[PDB]
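Note sheet for the following structure.
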2 protein chains.
Amino acid sequence: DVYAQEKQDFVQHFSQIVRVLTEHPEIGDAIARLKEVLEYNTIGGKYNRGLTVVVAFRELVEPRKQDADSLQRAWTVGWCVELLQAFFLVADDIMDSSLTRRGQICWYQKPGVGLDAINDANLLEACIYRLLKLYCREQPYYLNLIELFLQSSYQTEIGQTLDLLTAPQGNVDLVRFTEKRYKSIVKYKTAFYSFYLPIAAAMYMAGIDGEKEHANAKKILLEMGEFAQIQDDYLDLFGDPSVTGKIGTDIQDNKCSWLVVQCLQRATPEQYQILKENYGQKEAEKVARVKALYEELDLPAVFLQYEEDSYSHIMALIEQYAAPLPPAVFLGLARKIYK
Amino acid sequence: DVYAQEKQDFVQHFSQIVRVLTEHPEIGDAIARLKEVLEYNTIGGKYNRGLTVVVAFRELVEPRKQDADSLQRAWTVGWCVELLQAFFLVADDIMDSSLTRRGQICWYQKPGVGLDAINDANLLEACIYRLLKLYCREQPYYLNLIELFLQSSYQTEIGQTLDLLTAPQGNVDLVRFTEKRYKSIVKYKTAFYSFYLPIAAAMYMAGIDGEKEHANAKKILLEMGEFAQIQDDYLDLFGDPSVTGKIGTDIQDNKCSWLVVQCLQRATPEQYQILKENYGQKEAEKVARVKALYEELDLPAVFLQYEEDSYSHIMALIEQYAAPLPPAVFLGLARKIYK
Ligand SMILES: C=C(C)CCOP(=O)(O)OP(=O)(O)O
Ligand SMILES: C=C(C)CCOP(=O)(O)OP(=O)(O)O
Ligand SMILES: NCCC(O)(P(=O)(O)O)P(=O)(O)O
Ligand SMILES: NCCC(O)(P(=O)(O)O)P(=O)(O)O
Ligand SMILES: [Mg+2]
Ligand SMILES: [Mg+2]
Ligand SMILES: [Mg+2]
Ligand SMILES: [Mg+2]
Ligand SMILES: [Mg+2]
Ligand SMILES: [Mg+2]
């Protein structure tokens, strides 16, 4: 629990991030709206990505080099990752027609916001580079960070494209829901920005810029990302919204979920037809019918066994590729992800 | 007409831009969608911003330094500006609830596209930095260009925020439609990316990176941007869609248009009430009523006089601040904008 006490210290730095980003009186009204956007969307999460930057920074840099300004740049780059997340989620909730996020109504669903949330999400993305310029402009890793935040956006956007193309509204897409398709979607849409980006940001900030070390870390982190998305898909249906903070839509949205991939792999010809007639539709009785089929195929028990096989697999990859990084960097993140 | 012959040469370079951006078989389907997005949204315009990069590059660099690779980087940076435009317009058409753009139906209005256009617009933005990396990575102006494309996005997004905040759907906002408000909106939402960004990109590519020269060029270019937006607002209502390629929505969208600012400045107490009761609403009879009031206040004649006063003003600013740049750089763009 290296991030447990570090959680409140990280959140305490948000007020300054806002003050700096909310510092030309003509654009006053727009700046007031940006503060309102930041406060609604970048707060309320677990901050696992933002904290990973800070915790990984501390574990990779010698304390004699961890000065007040150096640490300030670490929390700031941590909050840049949280703004990247906030950008993706504001937009993903519109495209996934979501209702709630982190225990409250979706920013676009708020009266008086609507489709203006599209520009609001883009302002969240713009703020990353605004922060990187304000704090990392003179640093030798400045361009490496910008290129890493830009590349992470492209990877995710390419992943979202795959996600939306495999899930067309109104079209039976069971033929597309394969294991190979699934692994490509989750690698691009989640695994790069959620696991590779926070550790790589800390690595570049610690002067670790070698291609081999970044490739070795990536081998561990992308496999961890694959599990986090399988867990996210499992919780979309079998998770408690009081804990998850959001309401699942994967069945209604005809999404290439891990569960439907597992359903199709185990379904009898009769069970496939029930799935065909009820998947990808808005009717509650159809969604209920799909959830009834999943429970009949013991997919929650199939997920339990997967979590164990996956945990053992990621641990074998940490033993294989962690060096010369402290294994604590990868274990702390494994601890946050597995329960 | 320094861009007239240069138009077809610029468009001929698009096929390679697509081939390079559409060059991991797993993401094949997403890459096919990106090509479809590029071909629908980055083609059909006048390409004035993209051509300005190329024409300004030619006029600022000595021909002995204008090699095949150097020129290739110029057309590519020109197409980066066209992709920035395509990103903003795909998103602006959703938020402005537009029907057509460049003679065809809006990408989001297309059956099977919808709100997925949000991710499509973000992929267009991602492509800029993908291109800048592929062609300008080794150049000394690489970071200056990235920072200029990022800063231009923020400026525009801050401008769009002002634009949407001044135009709330369902609220009478005539008190907000002032000359001071108007000049702030158009400076941020249009003037920076449409006029400063193409010339500044060429300036950095020509090794002109001095703050004073960039400030002097900005003085001319932002004032030119203010006129281009006044002309855009005028054409929203009094322009021919066969020429403009789009259908005006400013009255229905309760936008802080130059015309409504001019209406309010000249309206009798009785005329103000007709505007109050009919502006910002979707009913055709209400929009017709507003257009009838504008024509009664001779706003098309008021625009004619403004275009002349503005032309004389921008020409005085070129005489004042053009040096040491060739005046041809600013005159060619003035020629494209004024008619
Ligand atoms: C990409 C994933 C699977 C979904 C959201 O991530 P988080 O679970 O980290 O959400 P927040 O804590 O930031 O709200
Ligand atoms: C920002 C302005 C005022 C609107 C669109 O610009 P253009 O008139 O340049 O549009 P395209 O030629 O690119 O279609
Ligand atoms: N990966 C971003 C958002 C998600 O994880 P979320 O379940 O909406 O939070 P998705 O399932 O849409 O991929
Ligand atoms: N500036 C971007 C788009 C516009 O010019 P357009 O008239 O929609 O092309 P707006 O009037 O919305 O500002
Ligand atoms: Mg989602
Ligand atoms: Mg999604
Ligand atoms: Mg999910
Ligand atoms: Mg518009
Ligand atoms: Mg607009
Ligand atoms: Mg307009």
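Start at 1 and count along the chain as shown; that gives each residue its number.
The header says X-ray crystallography, 2.1 Å.
Even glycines carry a Cβ here, placed using N, Cα and C.
A sphere of 10 angstroms centred on the C-beta of A:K46 (isopentenyl diphosphate binding site) encloses 12 other C-beta atoms. According to its DSSP assignment, A:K46 (isopentenyl diphosphate binding site) is coil. Annotated isopentenyl diphosphate binding site per Swiss-Prot: A:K46, A:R49, A:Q85, A:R102, in sequence order, evidence recorded as experimental evidence.
If you take the C-beta of A:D96 (Mg(2+) 1 binding site) and look for same-chain residues 6 or more apart in sequence within under 8 angstroms, you find A:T249, A:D253. Annotation source Swiss-Prot lists Mg(2+) 1 binding site at A:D92, A:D96.
Mapped onto three states, the DSSP output places A:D92 (Mg(2+) 1 binding site) in helix. Sequence annotations record features per position, and here Swiss-Prot assigns Mg(2+) 2 binding site to A:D92, A:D96 based on experimental evidence.
Residues annotated as dimethylallyl diphosphate binding site in Swiss-Prot: A:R101, A:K189, A:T190, A:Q229, A:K246, A:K255. Neighbours of A:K246 (dimethylallyl diphosphate binding site), defined as other CB atoms within 10 A of its CB across all chains, total 21.
Summarising the annotation, Swiss-Prot assigns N6-acetyllysine to A:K46 (among others).
Marked as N6-(2-hydroxyisobutyryl)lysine by Swiss-Prot: A:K46.
Shown in sequence order, A:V172, A:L174 are the residues of the chain, 6+ apart in sequence, with a C-beta less than 8 angstroms from the C-beta of A:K276 (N6-acetyllysine). Annotated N6-acetyllysine per Swiss-Prot: A:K276 (among others), in sequence order.
The site 'Important for determining product chain length' annotation in Swiss-Prot covers A:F87 (among others). Reduced to three states, the DSSP call for A:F87 (site 'Important for determining product chain length') is helix.
Per Swiss-Prot, site 'Important for determining product chain length' is recorded for A:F88 (among others). With a cut-off of 8 Å between CB atoms and residues at least 6 apart in sequence, the same chain places A:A121, A:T156, A:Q160, A:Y193 near A:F88 (site 'Important for determining product chain length'), listed in sequence order.
The isopentenyl diphosphate-binding residues named in the record, A:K46, A:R49, A:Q85, A:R102, extend over a maximum Cα to Cα distance of 15 Å. Among the residues A:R101, A:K189, A:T190, A:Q229, A:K246, A:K255 said to bind dimethylallyl diphosphate, no two Cα atoms are farther apart than 19 Å. Fewest Cβ neighbours within 10 Å among the binding-site residues A:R101, A:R102, A:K189, A:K255: this applies to A:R102.
Across the unmodelled segment of 4 residues, the C-alpha atoms of A:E23 and A:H24 are separated by 9 Å. Taking a C-beta cut-off of under 8 angstroms and a sequence separation of 6 or more, A:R49 (isopentenyl diphosphate binding site) has the following same-chain neighbours: A:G78, A:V81, A:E82, A:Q85, A:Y193, A:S194, A:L197, A:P198. Recorded residues A:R102 (isopentenyl diphosphate binding site) and A:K246 (dimethylallyl diphosphate binding site) have their alpha carbons 6 Å apart, per Cα-Cα distance. Closeness to ligand 3 is met by A:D96, A:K189, A:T190, these being the binding-site residues among A:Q85, A:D96, A:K189, A:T190, A:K255 whose Cβ falls under 6 Å from the molecule.
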